[PDB]
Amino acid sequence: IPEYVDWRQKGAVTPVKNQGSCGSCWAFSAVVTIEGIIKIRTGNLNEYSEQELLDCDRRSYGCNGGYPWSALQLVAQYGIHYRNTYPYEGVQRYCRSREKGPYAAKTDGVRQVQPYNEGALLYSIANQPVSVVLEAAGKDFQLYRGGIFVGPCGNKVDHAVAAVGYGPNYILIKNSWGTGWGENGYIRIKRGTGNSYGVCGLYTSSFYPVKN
């Protein structure tokens, strides 16, 4: 795999979103990987509905949090609507997939990256955007304004984001806190520290959709 991967340069990343007050990071995370893999497989970049995952993933808890892997299973089992048809409301409502006609996209499945393994994560990111989790509760993460982030942070992972690239000394992360946070909405997190958790627990739990 190359020394640098940046899926934004391959036109595989949609603009940065702001999840707002709702704890829907897991659905934003999931959607980034769906948007990425649909572009990689079909050549079209589209935006898909975080709101639909929020309303329709019964394993998750709406704005109270959820599971990227569960949302990814939803999309493989059923599909997902365009974001324009099922726009983000920042509040869990009832699942409106049937009202909004046929799904715009469907995946074939969900894989887990083998946890606590930096090379396994980078291999996956070389192929497509990957849903990853990290500890975002710490003030240093929240006030991040740019640079390679090394922490301080612990391993109490609480926030699902999407890795859309990496370099020699960082993993490139699309966050869902708007374009004002971090590096236009992105964070570069240090890798290769020999901490198998990853910094801020980045290697704890990573998933990507499969599409054939």
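Numbering starts at 1 and runs along the sequence shown.
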| query | finding |
| --- | --- |
| Average Cα temperature factor in the PDB entry - higher stretch of 188-196, 21-29 | 188-196 |
| Segment of higher mean CA temperature factor, 131-139 or 100-108 | 100-108 |
| Given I173, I40, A160, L53, the residue at which the Cα B factor reaches its maximum | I40 |
| Modelled-residue ranking by C-alpha temperature factor, third containing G119 | middle |
| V164 CA temperature factor, ranked by third within the chain | lowest |
| CA B-factor ranking of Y61, expressed as a third of its chain | highest |
| Ranked against its chain, the third holding the CA B-factor of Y88 | lowest |
| Third of the chain's Cα B-factor distribution that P152 belongs to, per the entry | middle |
